[PDB]
Structure formats: structure tokens, C-alpha cells
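S.K.: For reference, this is entry_13.pdb, and it has PDB, C-alpha atoms.
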```
ATOM      1  CA  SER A1856     275.580 199.283 317.140
ATOM      2  CA  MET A1857     272.322 200.493 318.776
ATOM      3  CA  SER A1858     272.128 204.317 318.550
ATOM      4  CA  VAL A1859     275.749 204.361 317.147
ATOM      5  CA  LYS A1860     275.997 205.041 313.432
ATOM      6  CA  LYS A1861     278.595 206.101 310.854
ATOM      7  CA  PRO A1862     277.679 209.261 308.971
ATOM      8  CA  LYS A1863     274.816 208.619 306.378
ATOM      9  CA  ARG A1864     276.183 208.041 302.785
ATOM     10  CA  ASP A1865     273.842 209.534 300.146
ATOM     11  CA  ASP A1866     272.421 206.434 298.394
ATOM     12  CA  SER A1867     269.587 208.279 296.584
ATOM     13  CA  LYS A1868     271.261 208.130 293.116
ATOM     14  CA  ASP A1869     272.505 204.495 293.385
ATOM     15  CA  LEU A1870     269.526 203.095 291.376
ATOM     16  CA  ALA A1871     270.015 205.531 288.529
ATOM     17  CA  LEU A1872     273.760 205.073 288.519
ATOM     18  CA  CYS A1873     273.518 201.164 288.427
ATOM     19  CA  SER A1874     271.040 201.584 285.512
ATOM     20  CA  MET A1875     273.590 203.676 283.647
ATOM     21  CA  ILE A1876     276.375 201.163 284.208
ATOM     22  CA  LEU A1877     274.096 198.354 283.070
ATOM     23  CA  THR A1878     273.252 200.333 279.874
ATOM     24  CA  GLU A1879     276.941 200.706 279.191
ATOM     25  CA  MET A1880     277.416 196.900 279.665
ATOM     26  CA  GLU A1881     274.375 196.164 277.375
ATOM     27  CA  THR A1882     275.757 198.276 274.545
ATOM     28  CA  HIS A1883     279.333 196.961 274.647
ATOM     29  CA  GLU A1884     280.190 195.043 271.472
ATOM     30  CA  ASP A1885     281.319 191.998 273.521
ATOM     31  CA  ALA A1886     277.998 191.832 275.510
ATOM     32  CA  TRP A1887     276.328 189.326 273.076
ATOM     33  CA  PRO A1888     277.028 186.172 275.106
ATOM     34  CA  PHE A1889     275.384 187.777 278.197
ATOM     35  CA  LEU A1890     272.330 189.674 276.862
ATOM     36  CA  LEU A1891     269.788 186.906 277.350
ATOM     37  CA  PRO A1892     269.500 183.802 279.498
ATOM     38  CA  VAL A1893     271.380 180.709 278.244
ATOM     39  CA  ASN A1894     268.799 178.381 276.574
ATOM     40  CA  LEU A1895     268.747 175.447 279.002
ATOM     41  CA  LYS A1896     266.936 173.257 276.484
ATOM     42  CA  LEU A1897     269.578 173.798 273.813
ATOM     43  CA  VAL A1898     272.880 173.900 275.641
ATOM     44  CA  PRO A1899     273.903 170.528 277.076
ATOM     45  CA  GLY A1900     275.330 170.545 280.562
ATOM     46  CA  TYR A1901     274.350 174.154 281.450
ATOM     47  CA  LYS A1902     271.338 173.372 283.566
ATOM     48  CA  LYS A1903     273.186 170.814 285.746
ATOM     49  CA  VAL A1904     276.485 172.578 286.008
ATOM     50  CA  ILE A1905     275.523 176.270 286.548
ATOM     51  CA  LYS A1906     273.552 176.353 289.708
ATOM     52  CA  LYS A1907     272.549 180.039 289.430
ATOM     53  CA  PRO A1908     272.228 181.284 285.790
ATOM     54  CA  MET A1909     272.389 185.096 285.417
ATOM     55  CA  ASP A1910     272.315 187.422 282.356
ATOM     56  CA  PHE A1911     271.977 191.185 281.631
ATOM     57  CA  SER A1912     268.246 191.045 280.730
ATOM     58  CA  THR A1913     267.477 189.305 284.075
ATOM     59  CA  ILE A1914     269.559 191.919 285.988
ATOM     60  CA  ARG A1915     267.669 194.696 284.084
ATOM     61  CA  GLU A1916     264.307 193.220 285.046
ATOM     62  CA  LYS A1917     265.392 192.803 288.725
ATOM     63  CA  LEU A1918     266.732 196.378 288.775
ATOM     64  CA  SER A1919     263.589 197.866 287.255
ATOM     65  CA  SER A1920     261.260 196.030 289.694
ATOM     66  CA  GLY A1921     263.035 196.845 292.980
ATOM     67  CA  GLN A1922     264.516 193.486 293.567
ATOM     68  CA  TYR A1923     268.029 194.792 294.463
ATOM     69  CA  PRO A1924     268.057 195.965 298.100
ATOM     70  CA  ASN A1925     271.392 197.748 297.723
ATOM     71  CA  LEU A1926     274.224 198.358 295.213
ATOM     72  CA  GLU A1927     276.247 195.326 296.586
ATOM     73  CA  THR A1928     273.524 192.844 295.618
ATOM     74  CA  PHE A1929     273.542 194.387 292.088
ATOM     75  CA  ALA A1930     277.345 193.914 291.804
ATOM     76  CA  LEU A1931     277.047 190.319 293.031
ATOM     77  CA  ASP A1932     274.656 189.440 290.102
ATOM     78  CA  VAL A1933     276.860 191.218 287.514
ATOM     79  CA  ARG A1934     279.926 189.253 288.810
ATOM     80  CA  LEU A1935     277.850 186.011 288.759
ATOM     81  CA  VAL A1936     277.359 186.476 284.988
ATOM     82  CA  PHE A1937     281.215 186.451 284.588
ATOM     83  CA  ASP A1938     281.841 183.719 287.086
ATOM     84  CA  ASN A1939     279.343 181.504 285.261
ATOM     85  CA  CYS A1940     281.052 182.315 281.997
ATOM     86  CA  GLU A1941     284.456 181.252 283.420
ATOM     87  CA  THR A1942     282.948 178.044 284.801
ATOM     88  CA  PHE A1943     281.578 176.906 281.422
ATOM     89  CA  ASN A1944     283.908 178.416 278.789
ATOM     90  CA  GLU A1945     287.581 177.974 278.035
ATOM     91  CA  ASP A1946     289.697 181.192 278.462
ATOM     92  CA  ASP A1947     290.887 180.674 274.870
ATOM     93  CA  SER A1948     287.432 180.965 273.201
ATOM     94  CA  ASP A1949     285.483 183.943 271.873
ATOM     95  CA  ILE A1950     282.995 183.719 274.798
ATOM     96  CA  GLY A1951     285.741 183.096 277.406
ATOM     97  CA  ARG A1952     287.574 186.277 276.146
ATOM     98  CA  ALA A1953     284.267 188.245 276.056
ATOM     99  CA  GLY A1954     283.730 187.448 279.758
ATOM    100  CA  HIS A1955     287.146 188.623 280.837
ATOM    101  CA  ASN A1956     286.755 191.790 278.815
ATOM    102  CA  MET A1957     283.295 192.570 280.198
ATOM    103  CA  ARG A1958     284.383 191.877 283.813
ATOM    104  CA  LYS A1959     287.223 194.405 283.409
ATOM    105  CA  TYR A1960     284.958 196.951 281.804
ATOM    106  CA  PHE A1961     282.475 196.565 284.647
ATOM    107  CA  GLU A1962     285.007 196.693 287.531
ATOM    108  CA  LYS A1963     286.440 200.009 286.226
ATOM    109  CA  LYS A1964     283.028 201.630 285.901
ATOM    110  CA  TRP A1965     282.137 200.318 289.360
ATOM    111  CA  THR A1966     285.310 201.790 290.992
ATOM    112  CA  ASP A1967     284.959 205.081 289.108
ATOM    113  CA  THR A1968     281.298 205.590 289.959
ATOM    114  CA  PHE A1969     281.291 204.487 293.625
ATOM    115  CA  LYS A1970     284.922 204.195 295.103
TER     116      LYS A1970
END
```
Using the file provided, produce a representation of the structure as C-alpha cells.
M.R.:
Amino acid sequence: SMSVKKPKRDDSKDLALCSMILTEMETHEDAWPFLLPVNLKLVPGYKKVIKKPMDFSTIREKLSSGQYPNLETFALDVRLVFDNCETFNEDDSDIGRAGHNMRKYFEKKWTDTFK
């Protein structure tokens, strides 16, 4: 509350560390469904169904331009990429499997870097 604070966590490396995680996600072999924004002209139903599209290139641009106020807002966009994927793709499809794999990969790196 006012004039009552928990000890200050060192957040000075968060930006660099999220960048590193994001590089690791970008270079994973199962990243291909997520690298670029879904083409809303060419994929029927996507525009109407997925209210907030998200992809790795859009996260990279937000990250590089100071549009994440803290590491939680960064994690929320990464998870949105996988939540979108589950909304639109059967579990038993190449893309549906890619999303589960990437979500796992991310959640481990997240825990190991920050928890």
C-alpha cells in the first residue's frame, strides 16, 4: 500500500531474457504455424472467429518497440498464440500438435528463467 512495499525484484534483465526465450521459440522446428500472422484474406473463418490474432513476428515487433510494460504482458501474448491455435485447430492435426508442443516448450523455459 502507500509507503509499504515488498523488497524490489531486479527486473533489469527481463527484456533481454524474454528476447532470448522468443528466439528459442522462433527457431524451434514446430514454430512454422506461428511465425507470421494468419492471412485473414486467405483463411476462411479466422477473422470472425479469432478475436485477437497473435503470432511470433508480432510479439517480436512489440518487444523490440517497448510495447510490453512487464514480463506478464509478454507471457499473455505468447499464450494467446497457443490459445488461438487450440480454438481453430483440431488436437489431432499437424498444427494442433505443433501448438501443444510449443506451449510446453515455452512454459518450461518460462519457469526455468523466472520461477
S.K.: With a distance cut-off of 12 Å and only C-alpha atoms, select the neighbouring residues of residue 1923 of chain A, excluding the residue or stretch itself and same-chain residues fewer than 4 positions from it, and output the selection as an mmCIF file with C-alpha atoms, in the coordinates of the input.
M.R.:
```cif
data_model
loop_
_atom_site.group_PDB
_atom_site.id
_atom_site.type_symbol
_atom_site.label_atom_id
_atom_site.label_comp_id
_atom_site.auth_asym_id
_atom_site.auth_seq_id
_atom_site.Cartn_x
_atom_site.Cartn_y
_atom_site.Cartn_z
ATOM 1 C CA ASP A 1869 272.505 204.495 293.385
ATOM 2 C CA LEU A 1870 269.526 203.095 291.376
ATOM 3 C CA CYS A 1873 273.518 201.164 288.427
ATOM 4 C CA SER A 1874 271.040 201.584 285.512
ATOM 5 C CA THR A 1913 267.477 189.305 284.075
ATOM 6 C CA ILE A 1914 269.559 191.919 285.988
ATOM 7 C CA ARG A 1915 267.669 194.696 284.084
ATOM 8 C CA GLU A 1916 264.307 193.220 285.046
ATOM 9 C CA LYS A 1917 265.392 192.803 288.725
ATOM 10 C CA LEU A 1918 266.732 196.378 288.775
ATOM 11 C CA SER A 1919 263.589 197.866 287.255
ATOM 12 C CA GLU A 1927 276.247 195.326 296.586
ATOM 13 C CA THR A 1928 273.524 192.844 295.618
ATOM 14 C CA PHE A 1929 273.542 194.387 292.088
ATOM 15 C CA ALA A 1930 277.345 193.914 291.804
ATOM 16 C CA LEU A 1931 277.047 190.319 293.031
ATOM 17 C CA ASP A 1932 274.656 189.440 290.102
ATOM 18 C CA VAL A 1933 276.860 191.218 287.514
#
```
S.K.: Under the PyMOL selection byres ((chain A and resi 1906) around 12), which residues of this model are included? Write them out as a list in words.
M.R.: residues 1895, 1900, 1901, 1902, 1903, 1904, 1905, 1907, 1908, 1909, 1935, 1936, 1938, 1939, 1942 and 1943 of chain A
S.K.: Quick one: residues within 8 Å of residue 1940 of chain A, all atoms listed in the file, excluding same-chain residues fewer than 3 positions away - as an NGL selection string?
M.R.: :A and (1936-1937 or 1943-1944 or 1950-1951 or 1954)
S.K.: One decimal, Å: what's the distance from atom CA of residue 1876 of chain A over to atom CA of residue 1964 of chain A, could you say?
M.R.: 6.9 Å
S.K.: With distances taken over all atoms listed in the file, which residue among A:1868, A:1879, A:1947, A:1898 lies nearest residue 1963 of chain A?
M.R.: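 Of A:1868, A:1879, A:1947, A:1898, the one nearest residue 1963 of chain A, counting all atoms listed in the file, is A:1879.
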S.K.: For the PyMOL selection byres ((chain A and resi 1886) around 12), applied here, can you spell out every residue it catches as a VMD selection string?
M.R.: chain A and resid 1877 to 1885 1887 to 1891 1910 to 1912 1936 to 1937 1940 1949 to 1958 1960 to 1961
S.K.: Put those residues in a file: C-alpha atoms, as a PDB file, in the frame of the given file.
M.R.:
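Generated output (result_13.pdb):
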```pdb
ATOM      1  CA  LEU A1877     274.096 198.354 283.070  1.00  0.00           C
ATOM      2  CA  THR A1878     273.252 200.333 279.874  1.00  0.00           C
ATOM      3  CA  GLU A1879     276.941 200.706 279.191  1.00  0.00           C
ATOM      4  CA  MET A1880     277.416 196.900 279.665  1.00  0.00           C
ATOM      5  CA  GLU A1881     274.375 196.164 277.375  1.00  0.00           C
ATOM      6  CA  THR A1882     275.757 198.276 274.545  1.00  0.00           C
ATOM      7  CA  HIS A1883     279.333 196.961 274.647  1.00  0.00           C
ATOM      8  CA  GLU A1884     280.190 195.043 271.472  1.00  0.00           C
ATOM      9  CA  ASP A1885     281.319 191.998 273.521  1.00  0.00           C
ATOM     10  CA  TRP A1887     276.328 189.326 273.076  1.00  0.00           C
ATOM     11  CA  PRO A1888     277.028 186.172 275.106  1.00  0.00           C
ATOM     12  CA  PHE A1889     275.384 187.777 278.197  1.00  0.00           C
ATOM     13  CA  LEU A1890     272.330 189.674 276.862  1.00  0.00           C
ATOM     14  CA  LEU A1891     269.788 186.906 277.350  1.00  0.00           C
ATOM     15  CA  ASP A1910     272.315 187.422 282.356  1.00  0.00           C
ATOM     16  CA  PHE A1911     271.977 191.185 281.631  1.00  0.00           C
ATOM     17  CA  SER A1912     268.246 191.045 280.730  1.00  0.00           C
ATOM     18  CA  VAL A1936     277.359 186.476 284.988  1.00  0.00           C
ATOM     19  CA  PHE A1937     281.215 186.451 284.588  1.00  0.00           C
ATOM     20  CA  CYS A1940     281.052 182.315 281.997  1.00  0.00           C
ATOM     21  CA  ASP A1949     285.483 183.943 271.873  1.00  0.00           C
ATOM     22  CA  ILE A1950     282.995 183.719 274.798  1.00  0.00           C
ATOM     23  CA  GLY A1951     285.741 183.096 277.406  1.00  0.00           C
ATOM     24  CA  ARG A1952     287.574 186.277 276.146  1.00  0.00           C
ATOM     25  CA  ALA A1953     284.267 188.245 276.056  1.00  0.00           C
ATOM     26  CA  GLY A1954     283.730 187.448 279.758  1.00  0.00           C
ATOM     27  CA  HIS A1955     287.146 188.623 280.837  1.00  0.00           C
ATOM     28  CA  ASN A1956     286.755 191.790 278.815  1.00  0.00           C
ATOM     29  CA  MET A1957     283.295 192.570 280.198  1.00  0.00           C
ATOM     30  CA  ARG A1958     284.383 191.877 283.813  1.00  0.00           C
ATOM     31  CA  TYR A1960     284.958 196.951 281.804  1.00  0.00           C
ATOM     32  CA  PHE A1961     282.475 196.565 284.647  1.00  0.00           C
TER      33      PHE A1961
END
```
S.K.: Would you work out the distance separating atom CA of residue 1968 of chain A from atom CA of residue 1872 of chain A, expressed in Å to one decimal?
M.R.: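 That distance, rounded to one decimal, is 7.7 Å.
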S.K.: Let me know the centre plus edge lengths, in Å and rounded to one decimal, of a box with edges along x, y and z that contains all listed atoms of segment 1907-1914 of chain A and is padded by 8 Å on every side, as lines of an AutoDock Vina configuration file.
M.R.:
```
center_x = 270.0
center_y = 186.0
center_z = 285.1
size_x = 21.1
size_y = 27.9
size_z = 24.7
```
S.K.: Go ahead and compute the interatomic distance for atom CA of residue 1862 of chain A and atom CA of residue 1925 of chain A, in Å to one decimal.
M.R.: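 Atom CA of residue 1862 of chain A sits 17.3 Å away from atom CA of residue 1925 of chain A.
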S.K.: Could you tell me which of A:1897, A:1966, A:1926, A:1959 comes closest to residue 1867 of chain A if we count only C-alpha atoms?
M.R.: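 Going through A:1897, A:1966, A:1926, A:1959 one by one, the smallest distance to residue 1867 of chain A is for A:1926.
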